[PDB]
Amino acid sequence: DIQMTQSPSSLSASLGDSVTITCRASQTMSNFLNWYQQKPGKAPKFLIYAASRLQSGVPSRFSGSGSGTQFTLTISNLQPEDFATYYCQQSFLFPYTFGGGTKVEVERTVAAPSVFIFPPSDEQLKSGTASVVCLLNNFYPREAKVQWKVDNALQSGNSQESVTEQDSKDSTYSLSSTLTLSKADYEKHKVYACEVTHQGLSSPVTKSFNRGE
């Protein structure tokens, strides 16, 4: 019934900054809102109950506020251990629901991705499948649009992508997108391209090849 919407879904800041996370409920729910923290690979950690009450042991730099349909979690003097995902959860009425989560990531300067394309190898072609791979290398922020085009036809649904965790060194992301067709489907077309749109590019960058070469 009640659905929680968190904003923004991704947040970037540095040490010492004060970040604010918003949680909005589709219907009014007093102050029965809890906040949890989760880091990759670990279980969630209980942080805040009743919108503003801190659990014992939680550092006082965490604060919560809000009532009715809107709530906020604020983190002042952000520390290295604070970079994680945060979830709101309403305890007002069954069935109880969580927010979508919001990622507090390390902010850095914008960096345009390096785009590369890989046609399918002859070895996979002998098996009966063809995988075209498109690589975006060391970009920031994570927001990026990758479009597969086969003979100028936009592909939608027959590809899958994967994004690495934020790099511990230079704090960038990398993306891999695989478009897998069957061999007779692959032999029926000629042009294969991936078009990349990102904040760091002056214009969309298209990398393409013909099935011949």
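Each residue number is its position in the shown sequence, starting from 1.
84 to 92 versus 115 to 123 - which carries the larger mean C-alpha B factor in the record: Taking the mean B-factor of the alpha carbons in each, 115 to 123 is higher.
Segment of higher mean CA temperature factor, 183 to 191 or 160 to 168: For C-alpha atoms only, the mean B-factor is higher in 183 to 191.
Entry-reported Cα temperature factor of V196, expressed as the chain third it lands in: It belongs to the lowest third of the chain when residues are ordered by C-alpha B-factor.
Cα B factor band for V146 (lowest, middle or highest third within the chain): For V146, the deposited C-alpha B-factor lands in the middle third.
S131 - Cα temperature factor, lowest/middle/highest third of chain: Middle third - that is where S131 ends up once the chain's C-alpha B-factors are sorted.
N152 - Cα temperature factor, lowest/middle/highest third of chain: Highest third.
Relative C-alpha B-factor of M29, binned into the chain's lowest, middle or highest third: It falls in the middle third of the chain.
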